[PDB]
Each structure stands twice: as C-alpha cells, then as structure tokens.
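Enquirer: just dropping in an experimental structure and the matching sequence.
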There are 4 protein chains.
Amino acid sequence: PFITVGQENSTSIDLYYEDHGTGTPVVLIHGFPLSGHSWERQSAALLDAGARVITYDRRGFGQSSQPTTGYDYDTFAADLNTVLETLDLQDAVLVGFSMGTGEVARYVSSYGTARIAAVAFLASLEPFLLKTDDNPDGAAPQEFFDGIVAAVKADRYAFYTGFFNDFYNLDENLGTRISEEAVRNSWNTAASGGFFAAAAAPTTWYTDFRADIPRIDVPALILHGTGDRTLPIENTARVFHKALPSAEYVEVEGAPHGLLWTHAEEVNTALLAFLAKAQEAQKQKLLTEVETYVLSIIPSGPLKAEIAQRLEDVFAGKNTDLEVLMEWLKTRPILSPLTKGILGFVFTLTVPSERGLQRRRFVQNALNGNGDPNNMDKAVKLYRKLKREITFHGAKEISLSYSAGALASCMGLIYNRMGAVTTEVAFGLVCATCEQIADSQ
Amino acid sequence: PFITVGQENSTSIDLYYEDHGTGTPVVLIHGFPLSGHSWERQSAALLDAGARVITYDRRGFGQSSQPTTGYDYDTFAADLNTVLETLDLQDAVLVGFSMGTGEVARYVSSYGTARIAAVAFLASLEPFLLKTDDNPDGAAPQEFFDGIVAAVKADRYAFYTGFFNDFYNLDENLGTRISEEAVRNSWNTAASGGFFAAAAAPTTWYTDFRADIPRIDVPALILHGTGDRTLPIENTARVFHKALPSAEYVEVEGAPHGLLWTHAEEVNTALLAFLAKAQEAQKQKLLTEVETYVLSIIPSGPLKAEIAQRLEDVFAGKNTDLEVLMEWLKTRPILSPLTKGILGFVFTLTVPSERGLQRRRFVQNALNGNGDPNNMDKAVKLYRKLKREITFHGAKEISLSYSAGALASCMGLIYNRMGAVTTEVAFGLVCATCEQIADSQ
Amino acid sequence: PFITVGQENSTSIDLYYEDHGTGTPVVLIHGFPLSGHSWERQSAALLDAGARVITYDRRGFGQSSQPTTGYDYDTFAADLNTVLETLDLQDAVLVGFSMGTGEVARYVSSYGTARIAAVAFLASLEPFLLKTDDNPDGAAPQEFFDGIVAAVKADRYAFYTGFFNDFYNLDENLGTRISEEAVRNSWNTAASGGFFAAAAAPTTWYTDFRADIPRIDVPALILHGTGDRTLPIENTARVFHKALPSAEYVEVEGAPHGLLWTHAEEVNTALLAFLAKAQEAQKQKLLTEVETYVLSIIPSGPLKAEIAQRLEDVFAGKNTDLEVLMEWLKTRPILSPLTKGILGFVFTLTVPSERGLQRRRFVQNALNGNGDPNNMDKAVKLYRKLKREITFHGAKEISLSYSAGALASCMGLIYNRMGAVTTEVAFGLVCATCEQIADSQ
Amino acid sequence: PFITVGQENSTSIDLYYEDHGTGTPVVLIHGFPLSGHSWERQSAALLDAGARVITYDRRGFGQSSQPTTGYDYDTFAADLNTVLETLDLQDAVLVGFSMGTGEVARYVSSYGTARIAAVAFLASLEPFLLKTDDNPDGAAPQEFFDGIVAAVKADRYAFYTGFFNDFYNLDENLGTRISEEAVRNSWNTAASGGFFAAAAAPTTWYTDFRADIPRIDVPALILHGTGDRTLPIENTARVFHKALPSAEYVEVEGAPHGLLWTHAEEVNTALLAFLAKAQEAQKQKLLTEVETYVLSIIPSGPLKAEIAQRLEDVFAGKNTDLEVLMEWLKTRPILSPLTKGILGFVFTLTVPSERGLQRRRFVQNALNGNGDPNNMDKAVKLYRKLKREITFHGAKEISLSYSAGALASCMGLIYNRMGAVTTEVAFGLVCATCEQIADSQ
C-alpha cells in the first residue's frame, strides 16, 4: 500500500505503508537504514494485545520512493502529517525508534497533539547530538558526521556491515540474542534503500530538537539501552529526561541500539504496560462518550442516577453479575421497554463476565422491531455496512443515515447473534440509536 | 376500536371490535339483540386457556354503526370477511351464537376455509327455520316472523322485555342461574342497538342455510340447550346434525337459548375441550409429517432411535421438560451442531411448555447462517414471503427456492424472535431445510 | 375526546377525556367503578370559581378503552403522564378521589412536581391498605381482597348493587343526601366499564404508597369522610396525615365514601378555599409576570417607578379611571409612542371598568404595524393561531415566532376589536412583543 | 500485476500474479514459504510445450499483500476463485505443490469443476495430516504442529534455514541437484513473505481434506517424491491414492519435498505427458461437441451416417486424404451447397494432412456470401472480435450475435486465409453458424 506525499520532477513521491489489526491506532516509525518491517517483533505483540498497528517506510527506505529531495525533519514530519491526515487517525500513539524519534518530536512540536494520545521515544536522537559550545552534552563534533557521510558515499554496502556490528553489538549478541540470518535480513533491507537517501540521512541526525521538547503535551515514554554504541545513553536519553522529567523513563540494561530485536521482550513489556495505561484512558473516554449518549435517553431523576452509577461501575470493571443487573433493569418502573432493551444490550456488551447467561426475552422484545419486513430489510442493509466498519465514529456516522426503527432492529440482530460486529462498532450503533431517540424527544 | 366495512350516504359504516390475549385466534360472533360483550363469560375462560379473543358488534348493534342498509347474511358475511382480512387472521376458530351461526355458515360456504381451522355453532339457526312444503322441519310459518317484525316496530323497548323472558327462561332461571341485574344489562345493550336494525334483523332469521352446510370443510362443533324456547332444538340443532353427522354434537340438558350466561360452565367446558382437541389432532398430523423430514438428516443408529422416540413423545403431547431435553441434545456426541440446532428449534416449537426457558446459545450459534450478510439478506427475503403463507406445503414450497445457508439463517431469525410465523409455516421451513441438507448428503 | 396511551394487540388504548373552562388547570381523577362524569358536582363549582377543569376516564372505565392489560399504578401513573404531556399542562392541580389518590401519589413520586402546583387527596387509599406484620394499621388482610375479586368475577352486576350501598351509606343517605335516580346512574356507569377491569381493579387497592409520600413536594390537602365504610378513616386518612403532617387536613363529619355527591358542599367549600388560595397566587403571578415583561421595555428612572406603581394598583384591583390613566400616558415625555401604545393596551385590558371609553387614537397609531400589509398579513396569521390558544405560555410561545412589527399589528387588531382572544392569551401576546422589543435594545 | 481479493482495515488485499504464453491455461499454486516464481523450471517447459501459464502469490507470500487475516483454506480457495473469475478462465488445469494442493482440493470441492479440465497434486497434504484416533495414518500429532508455529514465531529467519535443509534434502542434493545460490534465492523469497503469514501458515497444514476428495470430478494426477522428509509419502500420497484410485499416480524415486527444482525433469516429463493427455481428451470432447453441431445441419439419412463416420475417423486421426474427402463431399447429391462448404471447411481444419491441396472453389462459392458489402462488413467486424478470443465457448458466444449470412462470410474469410484464427475459435465460429442454420430449419 502507498500514500503519495509529493512530487519529484515527472514522478510522484509515494510512501509504502501497512495497516493491521483493530483498536487504538499505534504508529511505528522506523530507524536508519531499515524499514517498517523492522518492527515485526513489536507489531506481533501489539496485534495480540489488541491495537491497530500502522507502519510506513520513510522516503528513501524500504519500499518507499527514492527521491533525491526532502531529507530533513520538517519534510519527514510533513510526510508523517500526510499519513495521519490521509488515514484520519484519532487518538493515536506515535512510537519512534532512533531516526523515528526525530519525526515524533518535530511533528508534535509543529503540528500539535490534536490526533495524538501518547508518544514513545526508543533509542532517541534527542535533544541535540551535535557537540558545540552551547551544546556541551552533544555526542560528537561536526567532523564526525561529515565522516559517516563520506563513508556511506565511498561504499554504502560495505558500510552497512560495520554499522550493524555496532548497531547490534554483534561481538556480544551474535548467536545469542541475534541470529546471523536476522542480521542478513537487515543488511538486505538497507541495501534496498535508495543510494542518495543513505548518504543524505546522516546529515539529519544532528538536528537540534531542543525547542521541540517543551511542546510535548501528552504522556511520554523514554526508553534506551545502556549498551547503546550508536546513540550513547549519556548524550541522548539521560539528558533528554532532564529536559522532559515528566516522561516515564526506562533503561534497558546492556541493551544495544538494535534493542527492538535483541531485547524485544523488555521492549514489548515496557511498551505494552505504558500502552495499556493509555488504552485504559482511551476506553474511559469512549465509555464517557458512550455513557453520555446512553444517559441522554433516560428521563432525569433518581433512577437515572442509579443507572449512571451502574454504567460507571461496569465501565471501571467493578460491577459484574450480569444476571443481577439484567433483573434489576427488567423490574425498573417508569423506564421505557425500548430504553430497557438498549441498556440491557449495553450491559451485556460491556460487562466482562457474561458467564453462561442466555439472552433476555425483555431485551429481545424491545429491540426486534414489531416484525415489519421493511424495517428488518433496512437493519440488514445497515448491518452489511457496519461489518466493514472498524471505528466507533465510522460506525456511528453510517448508522445516523438510518431510522430509529431500523437502528433498534439492527441492534436486535447483533444482540440475537444473527450478525456479528466489533465492540467499538457496536458502541457506535448504540450511540446513533440513542442520539436519534433522544433527538425525537 | 373500529373496522370500516362500507359507506352509507355521507357516513362510513364502522364495526366496533375488541382484540384480547395472545395465541390461536378465536372469533366470537354475538346474537340478537346483544353485542360482543355478551361473550364475557366465555372470553375470560378462553383468555385463561391461552387464546387470542376477537369480538365485534354486528352492524346495527352494540357500539357499531347503525345504518338502514345491509341487513342480510351475504352482507353480514362480507362484514366478517373484512374483519378477518383487516386483521390478517390465520388458522382462526369461528364461534357463532344464535344469529352469529348464520355468519359462520355463509362465510365458510362463500369465502372458503383458508384462514379457518375450526368452527362452532351454539344455539344455531341452521338449517332453515322457515316452515314450508319443501322444508317440513321448519320451526315456524312465514306469518310468524312477520309478527315479530310488527311487534318490534310497535315498541322494541317493551318487546325486549318479553323476548329476554323466553331468551333466558326467566320463569325457571331468575335468581338462580341469572340475576335481575344481568338481565337489566342485556335490556340496556339491546335498547342501545339501532331502531332500524332491531326490526330488520328478524327478517334474516329464516335464511336458508341448507346449501351452505355441505361446504363446511373443517372440524365443527354443534351445541344446543334442550330447554331452548327461542330456537327449538328439534327444528334446528337436531336436524342440523343430520345434515352434518361429522360435527361433534353436544346437548345442554334444560339449557335455555341464553345458555352463554345461565350455563357458561357447561358451555366453556365443551368449547375448551373441542378447542384443545382440534389443535392437537391437526398438530399430531403435522408432527407426524415433520418427523420424517427431521429424521432424514440424522445418521442411522441408536441415537436416531432415541431422537425419534423423543419426537414422538413430545408430538403425542407428553409435556417434556424442555430444559432437560435441550441439555441432552446439547451433550449428544456424533450429532452435527447444525443438526442439533434444527432439533433444538423443533423441540422448543413443539414442546407444550417452554416454561420461560431462555433461548439456547448452542442453537443460536448453529442457526446463525455463519453470520454471513448475504445469507441473512436472503433469509429476510424468505421471511417476507413466509409471512404471507398459511399452509405447511406453501411454506415448504417457497423455502425450497432458497439455499440451505439462507434457510438456516431464516430459522435463526424466527428462533431469535426477530420475526414470527405460524407453527405450520415454521414446520414447512424446517422441513425444506432438512430436505436440502439431507439431499446434499 | 380521546388520548391514546398505548397499544393492545391490533387495537390502540385510548382514554376518554374532557377539557372545560379557562384558567388554572385542575385535573380530576375518578374512583372505582365510576368515570370522569362522577365529578359533575365538583366540576360545576370549579367552572363557576374560574378554573380550567380536566377529567378523564381511567383505562377499563367509563368511555375509555377496555384492555385486559396495564392494571397497576405505574401504568395508571404513566397514563396520567401521557395526558399531562399531551395537553402541555403547566402549574396544574391534581385531585384524586379514592382509586384516583393512587395516581396522584405515584405520579408525583416517580415523575416529580415540575408541572404540578398542588395536590389533593379525597377518600384516600394511602398509605398502604394491606394489613401485614410490618403494616399493622392496614385495613384488611390479603384474603379479604381476594374475596372482592372473587365476588366481582361471580356477578359484577349484582356486586355493584351491594357496593354502592356501602359506598353511599344508602341505609342513612337514600332519599336524603342521595336520590334513587342518582344511585341508578352510578350503577349504569359501573355496568358500562370493562368486565376485565372490574375484577382487576381491586388487586391494585393494596398498593404500598408508603415510599411515594416523602416525595410529595407541593402543598397538599387530605380530605376524608368520618362515616367512610369503604376506606376506614382510621387505616387511611388518619395514618396518612401522620406520614404527611404538612398536609392541610379536613374530616367530613359522618360523610360516607361517596362524599362527592352526598356532601358535595362541604367538599366543594374545602376544595375551593384551598384552590382559591392557589388561584389567587397564580393570578398575582400572572400580573407579576406580565408586569416584569411590560417593565422590561421602559427605560430606568422615576417615570418607570410611576408606571410600575400604576400597574400594581390596577392589578390589585383598585378600579382606576381609565380616561385619566390614558391621558397621563399620552402626555408622558421620553416614553416611546410604541411603548405608550403597549401600556395603553395593557391598561384597557386590565382596568376593571373601561366605563364605555372610546378606543384611543394614540394607541391605535402606535399599534398599527406601520400600516404595512405584509405585517398585517402575518398579524392575521398569528391571530388565527392565538384563537386556538387558551394559556399564557402557549400564546406567548407562538407569538415569539413572529416579528415585532407583526406582533404590534396583531395587538392593534385585538385593540381595535377586529379580532378577539381571551385575556390570558392577550397577555401572552403583549409579553412576547415586549420581550422582542426589549431584546432588540 | 495484481488482483484485489478483499479488504483489511483501510487497505485492500491484493494478490501478485503473472500471465504468460498462449493456449490452454495452466494455473500453478505455490508452496510454503515460497512464491509463484518457484515454478520457474516448470513454467519454462509449459511455455515451450504451448500452454498459457498463470502464477500467483498466496496472501502473505512473495509480492502479495501481507494481511493478518484469512489464513485458512476456505479463504485461500475463495482467493483462487476470485483469480479464476477475474481472468474468466475456461477449461483450466489446476496444479498445486505442497500447500497449493490444499487450494486445488478445497476449490474443486466447494466451487465445482465448471472452469476446470484437469487437476494435479504434487507433494500433497492430502488427505489429512493430523494424526488422530479416527485418523491413524496421520503424519503427526497436534503437538508437533504447535511446535513449528512456536519455532517460526521465535526466529522465522533462522527457521527457514533448517526448513530448506529438509525441504531440499541438502545433505544429499547440495552441489549436485541444487546449488547453494538456488537455496539462497529460496531463503530470500521466504524472508520476504509476511511475518504473520509465516507463523499462521503451519496451522492450515492439518486441514482435513477427506470430504473434498470424493468431489474430484475431473482427471487427476498425484505425484510425490519417495525421499520426501517434509510430507512423508506414506501418510500423504499413498493413502491419498487409495482415496482416489482413479488418479494417475507417479512416485519420484528418492526425490525430496522440493522436487520442482532437484527433479524438475522427472516432474516436467510426467506433467507434460499428463497435460498432453488432458489436451487430447479436451480435443476429443471438442470433436464430439463440434460433431453434434455439424451433424445438426444435415438431413437424416444414410448420407448423414457416412458423414458422421468420416468426421469420427478424421477426429480419431485415422482418415486423412483430404483431396479424396473433398471430392466425395463435392459430388454428394442432396447435400446443400452451404452444408457442403461448412463440411469442406471443417474437414480441411481437422484433417492433419492438408498436404499441398489448394483451397476448393465449391467451398469458396458456398461461404463467400453473394458479395453483399453489408454482409461482408459484419463478417469483418466479427473477425475482429474472434481475433481476441482464445476459447471455443467465447468464440461461439460472440458469433451467435451475428446473422447466419455474416457468419458464413466470416468462415469464408478464414477459409480464404484473408484472416486467421486459432483452431478452437474457428470451431466455435463453425458451431455458431451450424446452430443458427439448424435453428432456422
């Protein structure tokens, strides 16, 4: 798959990308001289943990186009922007490794954090690698970088060999943490990037990210290997955390630069916990959004208070005897049978422990729709469309083009297991039907 | 509630009707000069016994319109037709009392028995009250009826008094079988009917129903009070049973014309047993047809023997513990999940008492059409057509034009109470599905 | 007239209601086994006293539909809710008699007192008729109620006779307080209710209203006959007042259950004093409400003080010489001609005696809508709508959808006697106009 | 080139495919973890032998998309279906290797053999690799497969190395049958497949194909290497042939799993001979179909008998002196000149030895069409379309949209060498013209 980010002479500039899984979107930004595929150990874990995984190849690398233009962090950040806007990513996590950490800082800084829930920096460039008078903690002098450029231009192929040596601490990790075959794959990936991009990339490494850091708005994770030969932890991660004290901070003991493979475990575990925290917050936000829509249907009073409390408790994972919950709902006076069905539906969907409880007649009767075939026809049409949705908003939006009667019947289809849909899409459906009903009052 | 049956000058002609309970529809057609409310003792019993009770007021009576037109049995039968078609009554029982027995005969005769499961005649006019040369068993000469008309026109109010006397055998039954207050209510009801209808009604009483009787297609009950002063049992019920030997026949010893109140018991008991028996008999026949189709899907062996025995036992009306039945089915080895779903479905449909058992997950999963939207789309289309069917063969026939996947999903739709059809149509659906599956093997 | 409250099978459930008089709305809720018409002695008094009288027939009674469903106080209260919402009743008084007192408590309790100014309980069920361990003051054991049900099912017609005996204390009151004809009417009314409702009603009588009582928010009146044989004053009214000490409380010495007829006087006098207090307050509010809107258009200063004082004096009923008032207004400096017209209009409307004063040119010129035909067209359209309004708020609401120019012209139309509306509707019109004008400033 | 088979989140699922050569379509379905390019030794032979070669990359492999969904044989078979339908393949041969043999069985089984002339199974999975109680001949227990999955997830790169070892019997074949460079290419191909697909693939290997096998309708070839370490010939090919006795069956002595490369020769030779047989069978079928169309034109009688016999003899390759044949035809009484032309045309087309015989005047006169330019115009238009056809049916179908006159003229164009078309397309043309003529009679 490709996203077009610009034009070079007669040709467009296209970025290779992939889009896997369902749930909260997590965007992985690779390092030099590798591609989106270098995240494979992390992607698998994220997929299993229940996230939507987005990867892409930076211009000049992997399967992306290989222009001789736009090798700088503003362009790279603009490239990223195009991806985020193209996919309409909301509430996204940005994870950068090495070079990728430059994108994360520069994007956040320039474009802000409207689409962004959290950020993570792994084997970071930050805050400023160039050793100057005003930057004493800098890792190397300018002459040093000039050297790498010269080395890549001389023989990039041979260059990759010595680079992956220190990249992976092969003298320590070969035949242990990393196989010879895994290293072979990395060299092949690098050899496949553009000649021009290879030599141009190292000039972007001493970009000054010092003014980007105060812009970091959202929860952040900083993660570095203490055995990093490529980006000395002392000139990078350690001075970066001083600049961003608020960042959650993890040192990987004796981990090299290429810690994504050698220490995938330690990497995935830190990432997943941080992500789980962020995911929980996202779930809470969704619940509040779902809760507000659900409550909009209920007449104001003490009953509305009880229901809200129950919703909140189930959402917080505390309430859980569905059989007791459903009986309570069933026996509530004043509540409309339809509103009882909607709540019935919501509780069975959100409660963790459904156990072995059969579906409820009172809900079935409330949602089914009087048995009008025209109504049922439209509910089936909606269901067909919802089956293709993966987001709450997309689901909610298409649902709003249907009548309240067709919507309730559609909910019944799902409730009765006659059709099946993801929880977040089911939420969107429910909320559209609540909105329609509330709006009619 | 009203149903419009026609137009008189600037005004429409509306029939007052009521629609109570759930289950098999039973239509009660009142006598002169009373209304649908005169059935109150019978309605209560039928409601308790688990029937859907429909009553209406004949034109010119009770709360119906009071035109000066359409006082004849073809119009009265056409009126009834409009009611049946308006409500889309399927598999209905028609019960007539006195005048009402004229509707039953004439409707059946002219319009046929497509919607009609059984008929009942209480205190019947049949076969022909007019005493002629060709009708020797006739109850009275023409001059006698001419007399009643003249009497009603003279003072209908005073007339009702002497009429209810003989109607109820008040000289015997007052303060005993019937209260003075109950009689007062009857007079009030009569006084409330239209003046024109009161005088016009008695001209319809010597309608010749002799050619209607051979048309009676379906199981019938004939019931008469031996103390009937209004319709002599000897000129009516007794010669009627000769004309329809096949009719089930009940004499109420010393019961008057107004036996609905005075002998409600004896009335309700005969009615309820007949009501019960008809469904079972036809139900038994249907079960025996269905069993062969159902068994055709099961592999030969001892298990097939157990299932057949269970089918036969539920079909023969041994009320089985559905919960125990369903668990047994669920835990059967070798049986395909789909076959288990079909049997699961059949057992819940045929078992006398579901006892408020929640629907079963194993059946729902088996009959979900794989959650395929195309299957579900076709299942909904089939359902639309099945909604218009009233017979096992018609239902089975249209079902055979659909794929096994769409058929199973359709069964799921019904099982989940997302749609509804009559039991016999449901049988046709299950048998088409069984035929399709068996045929694939 | 009917209000639809639900659906039973193929038929809707409609409540018969009436809507008489003008002024503060008073809703009368009848007792068993009677109808809205049983309030006729009270309605006449309320109409003469200047109230808007709303009556309706409970489901299963009088001219309402006769379903075999919804015989319970939550449904009855929901029925009432539908009526109140359908008519958009504001600032309403709820008066219940016997069974009706159950509606009042349950509605107030569940739905709250937003539309409700005051409540009255006459011959109350409250707080809990069932005699139990936890309810010692209960009037009878469960077996006793079971008995009534059995009696009604046996012969409701005969039952009504003995019931009205004790209902009215006929052994005391016949030929004295109540005529034989009045009693005959009551029996006829009862005999006309639904058979099913008659037997189902007595099961609702031992509803526990104990948790409803603390919810009673608004001023209340409790009224009971000390000779009540149907609802013993000692198990009802007397323990009810303990539960609601705040309630105004009236014992009618030797009055039976059916005190609405036998003691209409004592009943109407207590009711009218309490209501009169409430009505006076409402009148004051209306004048005060009008006054605030009227004053909002006048610039702050000593003149605004004089005007306010004059308004208050005419509102308080000091009959003012309109001629003197109008001349004063006319000659006021600083006051806009339009504002003078509005005040001119208000004063002629509120002043007790116009004394045959010709309409004023200065007002006519001020309220002519600039003689613009488009304004006049819209003014006529508004007038058409206002002709159908009976309340201040309804009138004010529709008026706000019109421009200030059309509103002023409409006022002119009324001022010139070219059209006519009720005073309260006229008030709404003037206030909408004042609001529009003030809002423009 | 790509064919889209579905959608994953925001991205479509595209299969990489190639389409080479002309003639009968042969579809090659690769094995794990390789791509369509692994067939290169076979493709070259098929291309030289005169077949149309179609290859594609299974989802997750080679150049196809790499979703994290649809890794199962129903999806894989549905993928294949989309390819066949997209290309409108008629009379196709399906050849599967290893994993690919699962597609062949499942497609044939579910979708049937309408487009399919023959099938071939090389290094087959069939009939069921899982060793169970009911499957004793199974190659391994479930725990064994669970192991492979675990191994791939651990390090797929390293895994490929040991896999190709046994895949190729490198201990035997390296430096002999297979070069180190050829093996290097294979590893590169595998490393290029999707990470998720790599680990998911081995779960599809113990798919039960036992119910698919009886569905195999068309001529089949089973081919296995006796030195197969990956799929033991004893648990696969040998028990598979018992299940399909009818299959032509070839053991490659001491050939490994990767016999496509190591034993390309023995592989190509068996394949080509079978393909030739299949082609001959297809030709026989075509000859019989052609014969029926051709005979439909001839009046019944002894002449029709002679002609049929001659057709059959020429079709069976026995009759061959065209000059003698054509003279016989020419001199036949009763035969229409047009029918003589059609037969003349057919015989010159089917006879192997045309020798050096000039085209015949009697045929030319019969087919030319009277020289009407409109007729000729349409014949040229048809010819343009036929030039793009490669199948008998496609040819016959477009021909049927033309008049008999235009069709005969078109036949003349071809007969006169004014245009040129493939034999099978020429057959379709002839048969359309015969059908049209016969249909006119």
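Expert: Right, received. Where do you want to start? Residues are numbered from 1 along each chain as shown, chains lettered A, B, ... in the order given.

Enquirer: quick check: residues of the stretch 101-250 of chain A near chain D?
Expert: A:179, A:181, A:182, A:184, A:185, A:188 (CB under 8 Å from any CB of the partner chain). (Each C-beta comes from the backbone N, C-alpha and C, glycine too.)

Enquirer: could you pull out the strands in chain A for me?
Expert: Taking DSSP state E as the criterion, chain A carries its strands at A:2-8, A:11-20, A:25-29, A:52-56, A:92-97, A:116-122, A:220-225, A:248-252.

Enquirer: save those as CSV, and put in mean neighbour count and distance to chain C too.
Expert: Listed next are the strands of chain A as CSV, based on neighbours: other CB atoms under 10 Å in any protein chain shown; distance: least, CB to the nearest CB, whole Å:
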stretch, mean neighbour count, distance to chain C
strand A:2-8, 16, 51
strand A:11-20, 19, 49
strand A:25-29, 26, 45
strand A:52-56, 25, 45
strand A:92-97, 26, 45
strand A:116-122, 26, 41
strand A:220-225, 25, 49
strand A:248-252, 18, 49
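
Enquirer: distance to residue C:346 added to those strands, as TSV?
Expert: Shown next, in TSV, are the strands of chain A (distance: least, CB to CB, whole Å):
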stretch	distance to residue C:346
strand A:2-8	70
strand A:11-20	70
strand A:25-29	65
strand A:52-56	67
strand A:92-97	63
strand A:116-122	61
strand A:220-225	68
strand A:248-252	70
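
Enquirer: which one of those lies closest to residue C:414?
Expert: strand A:116-122 (62.3 Å; CB to CB).

Enquirer: strand partners (parallel or antiparallel) of the closest one?
Expert: strand A:92-97 (parallel), strand A:220-225 (parallel) (DSSP bridges).

Enquirer: quick one: that strand to chain centroid distance?
Expert: Relative to its parent chain, strand A:116-122 has a centroid offset of 9 Å by CA atoms, centre = their mean, to the nearest Å.

Enquirer: list the contacts for the closest residue to chain D within the stretch 151-300 of chain A?
Expert: Closest to chain D within the stretch 151-300 of chain A is residue A:181: 3.8 Å, counting by CB to the nearest CB. By CB atoms under 8 Å, 6 or more residues apart in numbering or on different chains, residue A:181 lies in contact with D:155, D:157, D:158, D:160, D:161, D:187, D:191.

Enquirer: of those residues, which is the most crowded?
Expert: residue D:160 (22 neighbours; other CB atoms under 10 Å in any protein chain shown).

Enquirer: surely residue A:311 touches residue A:297?
Expert: No - judged on CB atoms under 8 Å, residue A:311 makes no contact with residue A:297 at a distance of 12.0 Å.

Enquirer: re earlier: which one of the strands of chain A lies nearest to residue B:339?
Expert: strand A:11-20 (38.0 Å).

Enquirer: contact partners for the residue of chain A found nearest chain B?
Expert: Going by CB to the nearest CB, chain B is nearest to residue A:358 of chain A, at 2.9 Å. Listed by CB under 8 Å, 6+ apart, the contact partners of residue A:358 are B:357, B:358, B:359, B:360, B:361.

Enquirer: wait, residue A:215 sits on residue A:111?
Expert: No - the pair residue A:215 and residue A:111 does not pass the contact test of CB under 8 Å, sitting 9.8 Å apart.

Enquirer: and residue A:271, how far from chain C?
Expert: Note on residue A:271: its distance to chain C, by CB to the nearest CB, to the nearest Å, is 52 Å.

Enquirer: what is the burial count for that residue?
Expert: 23.

Enquirer: from residue A:150, how far off is the closest residue to residue A:198 other than its chain neighbours?
Expert: Spatial nearest neighbour of residue A:198, excluding adjacent residues (CB to CB, 6 or more residues apart in numbering or on different chains): residue A:156 at 4.7 Å. According to CB to CB, to the nearest Å, residue A:156 stands 11 Å off from residue A:150.

Enquirer: can you check residue A:433 too?
Expert: For residue A:433, the distance to residue A:150 - CB to CB - is 65 Å.

Enquirer: and what of residue A:191?
Expert: Residue A:191 is 19 Å from residue A:150, by CB to CB.

Enquirer: and the stretch 251-400 of chain A, which residues reach chain D?
Expert: A:388, A:390.

Enquirer: ok, 10 Å please
Expert: Proximity of the stretch 251-400 of chain A to chain D is confined to A:261, A:388, A:390, A:391 under the rule CB under 10 Å from any CB of the partner chain.

Enquirer: wait, doesn't residue A:353 sit right on residue A:324?
Expert: No - Residue A:353 is beyond contact range of residue A:324, at 11.3 Å (criterion: CB atoms under 10 Å).

Enquirer: return the residues in contact with the residue sitting furthest away from the middle of chain A.
Expert: For chain A, the residue at maximal distance from the C-alpha centroid (CA atoms, centre = their mean) is residue A:333, at 43.4 Å. Taking CB atoms under 10 Å, 6 or more residues apart in numbering or on different chains, we find residue A:333 in contact with A:303, C:72, C:73, C:74, C:75, C:77, C:78, C:106, C:109, C:110.

Enquirer: what of residue A:94?
Expert: A:25-29, A:54, A:80, A:84, A:100-101, A:103-105, A:107-108, A:113, A:115-121, A:218, A:220.

Enquirer: about what we covered before: could you export the contacts of residue A:333 as a markdown table, including neighbour count and distance to residue B:242?
Expert: Output for the contacts of residue A:333, formatted as a markdown table (neighbours: other CB atoms under 10 Å in any protein chain shown; distance: CB to CB, whole Å):
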| residue | neighbour count | distance to residue B:242 |
| --- | --- | --- |
| A:303 | 15 | 67 |
| C:72 | 16 | 52 |
| C:73 | 23 | 57 |
| C:74 | 15 | 57 |
| C:75 | 19 | 52 |
| C:77 | 23 | 59 |
| C:78 | 21 | 57 |
| C:106 | 24 | 61 |
| C:109 | 21 | 66 |
| C:110 | 20 | 64 |
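
Enquirer: show me which pair in those residues is furthest apart.
Expert: Longest span within the contacts of residue A:333, CB to CB: A:303 and C:72, 17.5 Å.

Enquirer: about what we covered before: put the buried members of the contacts of residue A:358 into a PyMOL selection.
Expert: Those of the contacts of residue A:358 that count as buried under 16 or more other CB atoms under 10 Å in any protein chain shown are selected in PyMOL with:
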select buried, chain B and resi 357+359+360
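
Enquirer: can you list the residues of chain A near chain B?
Expert: By CB under 10 Å from any CB, the residues of chain A that approach chain B are A:356-361, A:364-365, A:367-374, A:376-377, A:379-381, A:383-388, A:409, A:412-421.
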